[PDB]
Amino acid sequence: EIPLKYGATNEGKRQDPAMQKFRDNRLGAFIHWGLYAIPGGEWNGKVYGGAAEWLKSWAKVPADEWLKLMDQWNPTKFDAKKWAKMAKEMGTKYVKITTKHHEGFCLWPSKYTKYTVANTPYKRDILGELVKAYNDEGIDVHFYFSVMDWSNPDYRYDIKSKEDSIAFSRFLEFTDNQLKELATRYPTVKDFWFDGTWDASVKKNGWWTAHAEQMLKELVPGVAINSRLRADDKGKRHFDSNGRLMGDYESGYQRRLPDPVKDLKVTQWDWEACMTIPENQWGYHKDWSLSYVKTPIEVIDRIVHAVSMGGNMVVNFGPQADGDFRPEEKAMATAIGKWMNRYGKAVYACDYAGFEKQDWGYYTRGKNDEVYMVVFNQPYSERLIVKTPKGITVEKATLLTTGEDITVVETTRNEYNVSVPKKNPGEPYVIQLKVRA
């Protein structure tokens, strides 16, 4: 059992009220908004297929050039109340915002750098207005923060000389300063979601990542901290050298989700997936025809998937340069909200139900031991196979929307056929089971 000073802190899942709230929220939205939204995946006449928020890299734009985009930052359509209404209508319970992405441009007016919203034509504290607006709607706010900072000349990818170490130490102090500022300026913050912490420079300073977590937990009662931040004494990331999870929840899943049959280990900790609507675009890219774009049903499936295996799911948005959302994102939020309004009882405050996975879709467990069947794949047999854990019976099945009673037939030991509804709902639907132990 390797000794470590900067490994895991939490034993199992936190069950203080703040973490229960983080968990029970379940469905979140992500905001990627920064200077990259201006060029929108395109530099000086050449469109790049890579992720838009990383365009500075793909086009090899020097920091001094990249940051002049600040002079163009003027989102006249921006309206925080509207953003928050969109999120309320979508059924999102929390929103994660990029405070500062790799590019280093801050969405709040930081004291520790000129590269902020303050020194743009728009001037205003975007982050502050979002915090206020989402909170007004009863919506928690989480802070995405990139440790890697392409606008700070003290950042290092590795520590190779005395000179590197001098610069990076000062950079860690700079970073500390920004984090402390975020924490005291916006004390309703409920989560810090770190990114750009993979570089050798960070791995060699695991102590700093443990310090970062502890500092923020001291300034912000019950704040959550993602695993992506954390490196142990040896530079093992996410999970320490003893296989123990660091931070408060796992945050490696994006693009992929854990297998509902093979990866039930995820149910032993809190975790959160974040996903993009196209294949790999977080910030606004002007040309969505470049890769596969997920449909609403596809996204809702990933949402229910995550919850059925005891995880959060967060749907990304990359707002336009003008401060409005592309119509594909508006339709996504609207379609999701319509579904959530009919079926959210099976998502909010639900968890892993402990049943074997079946082809028609996913189970979730409600807080009062309700067991929802969420059907994405409608069997031609007109029967939904339910195999119960040892000790468990099905007493009733009810179509959530109508309250209509659903036929349950015992087929064998620990197994039932639950009938499809008499009329096909025509969309992914929920059947709620009443169970006895």
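Don't overthink the numbering: it's just position in the shown sequence, from 1.
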TODO: Take the C-alpha B-factors listed in the entry for 182 to 190 and for 247 to 255, compute each mean, and give the stretch with the larger one.
DONE: 247 to 255
TODO: For the higher mean C-alpha B factor in the entry, choose 355 to 363 or 94 to 102.
DONE: 355 to 363
TODO: Have a look at 38, 52, 394, 27 and flag the one whose Cα has the highest B-factor in the entry.
DONE: 394
Task: Options 159, 172, 297, 225 - largest CA temperature factor per the record - done: 159
TODO: Name the third of the chain's ranked CA B-factors that contains residue 204, choosing lowest, middle or highest.
DONE: highest
Task: Within-chain third of residue 43 by Cα B-factor, per the entry - done: middle
Open item on the list: What third of the chain does residue 268 rank in for C-alpha temperature factor, lowest, middle or highest?
Closed with: middle
- [ ] Would you check the entry's CA temperature factor for residue 177 and let me know if it's in the chain's lowest, middle or highest third?
- [x] middle
Task: Where the record places residue 374 (Cα B-factor, split into thirds across the chain) - done: lowest
